Amino acid sequence: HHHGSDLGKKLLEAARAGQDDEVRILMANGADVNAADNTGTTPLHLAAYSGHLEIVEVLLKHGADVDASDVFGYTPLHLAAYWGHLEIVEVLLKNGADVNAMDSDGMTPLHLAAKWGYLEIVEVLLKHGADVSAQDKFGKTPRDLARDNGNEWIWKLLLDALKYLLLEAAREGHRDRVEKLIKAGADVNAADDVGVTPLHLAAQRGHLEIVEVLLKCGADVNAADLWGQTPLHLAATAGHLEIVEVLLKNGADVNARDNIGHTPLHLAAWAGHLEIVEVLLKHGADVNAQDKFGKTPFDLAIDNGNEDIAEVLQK
């Protein structure tokens with residue numbers, strides 16, 4: 001006998017034709033929701049492609065395999081993303097779909113959403129852990145596919161938004177957001193119009209945890225803003241000694257000059273952070289450095305009455 005096979009075929013065709021009620025009557029009368037045609041296409045594939053959200057939901061509640069792949073390796077999530085069905089994308093992810101499934105060519109759902117500039121879908125995929133730098137067997141990334149189809153400006157908008165959010169998270173000290181943004185593709189070395197990078201902000205506002213994360217992820221420890229200030233300049237001014245150390249342990253230049261000629265020692269002796277001076281001195285800070293006014297860090301320590309600092313600098 002072959003009643004089960006007969007029901008499966010009728011279900012596939014009812015789904016292929018967008019006959020929601022016919023699909024659900026067949027299901028109610030025993031049709032196998034995990035049936036598949038010659039190409040491995042299942043009913044869930046067809047509902048995800050056609051955008052029939054109600055059918056996607058009931059199929060999943062009836063045990064449809066959310067990650068079923070056809071002969072080319074497409075899952076329902078691949079189709080939902082390629083054909084621009086945001087709600088279905090969200091439902092499949094809620095039901096355990098592999099966000100980073102690969103087809104035979106190695107393309108992920110994020111590849112396909114990026115290709116058409118479906119920004120809302122791109123962002124949900126990244127929120128669920130989509131591999132932002134994934135490459136297919138030919139080395140093409142989601143950004144590459146967007147550019148090839150004239151949608152690069154939409155990917156640049158994504159990156160601009162991630163850049164804004166990373167700077168905000170680094171300035172406000174939100175460790176968890178920083179990590180999730182970096183993993184979603186945020187450029188750790190992005191800078192605003194005045195050359196301030198996330199590391200500048202974290203070091204200035206005293207967010208040690210984020211300084212370590214940014215450096216581990218490749219932030220330039222000696223990046224200079226518009227005024228020539230490195231993160232060590234700002235940390236020395238604000239008085240964050242643990243950050244001063246970390247920056248030095250990661251290769252910060254102790255004698256970096258801003259535009260006025262100030263080294264971190266100029267700024268620390270001025271600010272009155274004695275131990276910072278001692279750490280800088282221990283790390284080879286040049287006590288003889290003169291700024292644009294010909295003044296040394298010793299000259300600045302006097303002008304602030306930090307005789308303890310002006311005494312150790314003498315030694």
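Descriptive notes on the structure:
- Euclidean distance between Cα centres, the stretch 13-43 to the stretch 101-149, Å: 29
- Counting 0.36 nm for each residue step from residue 255 to residue 288 and taking away their Cα separation leaves a gain of 10.8 nm.
- Cut-off 15 Å between beta-carbons: net charge of the residues surrounding residue 9, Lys and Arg +1, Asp and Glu -1: -3
- Put a plus charge on the Cβ of each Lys and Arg, a minus charge on the Cβ of each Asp and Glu, and nothing anywhere else: the dipole of the stretch 49-125 about its Cα centre is then about 40 debye.
- Rule-of-thumb Rg ratio for the chain [Cα; 2.2 N^0.38 Å; N residues]: 1.47
- Under a model in which nothing but the beta-carbon of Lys, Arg (+1) and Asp, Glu (-1) is charged, the stretch 151-227 shows a dipole of about 200 debye around its Cα centre.
- Rel. contact order, % - alpha carbon contacts under 8 angstrom, at least six apart, the stretch 203-315: 21
- In Hz, Karplus ³J(HN,Hα) per residue of the stretch 128-141 (6.51, -1.76, 1.60; θ = phi - 60°; x = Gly, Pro): 9, x, 4, 7, 5, 9, 4, 10, 6, 4, 9, x, 8, 8
- Proximal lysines relative to residue 94, as straight alpha-carbon distance under 22 Å, when same-chain residues fewer than 8 apart are discounted: 61, 127, 180, 183
- Whole-Å semi-axes of the stretch 3-150's equivalent ellipsoid (Cα gyration tensor): 29, 15, 12
- Computed FRET value (nearest 0.05) for residue 67 with residue 193, which takes r as the C-beta separation and R₀ as 45 Å: 0.50
- Look at the alpha carbon pairs under 8 Å that are at least 6 residues apart: their mean separation over the length of the chain gives a relative contact order of 8 percent.
- Potential extension, residue 275-residue 134 segment - 0.36 nm per residue separation minus Cα distance: 46.2 nm
- For the chain, the Cβ-based charge dipole about the Cα centre amounts to some 260 debye (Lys, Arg positive; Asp, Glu negative; other atoms uncharged).
- Near residue 312: Cβ cut-off under 13 Å, other residues only, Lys/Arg at +1 and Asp/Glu at -1. The net charge is -3.
- Candidates 36, 235, 130 compared by Cα position along the dipole of the chain: farthest toward the positive end lies 36, with charges placed on Cβ.
- Extended-chain gain in nm, criterion 0.36 nm per residue less alpha-carbon gap, residue 87 and residue 34: 16.9 nm
- The phi torsions of the stretch 111-120, fed into the Karplus equation with coefficients 6.51, -1.76 and 1.60 and a -60° offset, translate into couplings of 3, 6, 5, 4, 4, 9, x, 7, 5, 4 Hz, rounded to whole numbers, with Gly and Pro shown as x.
- Mean residue ellipticity (222 nm) of the chain, computed from DSSP H runs ≥ 4 via -39,500 (n - 2.57), nearest 500: -16000 deg cm²/dmol
- Crossing angle, helix 152-172 versus the chain [Cα axis fit, 0-90 degrees, rounded to tens]: 50
- Label zone of residue 105 (point 7 Å out along Cα→Cβ, amide N under 15 Å): in the stretch 44-67 this covers no residue at all.
- The stretch 264-315 and the stretch 60-87: distance between their alpha carbon centers, rounded to Å: 64
- q = 0.29 Å⁻¹: log10 I(q)/I(0) that the Debye formula gives for the stretch 254-315, counting C-alpha atoms only: -1.32
Every residue, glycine as well, gets a Cβ built from its backbone with ideal geometry; the counts of neighbours run over all protein chains shown. None of the figures in this text is laboratory data; all of them are computed from the coordinates on show.
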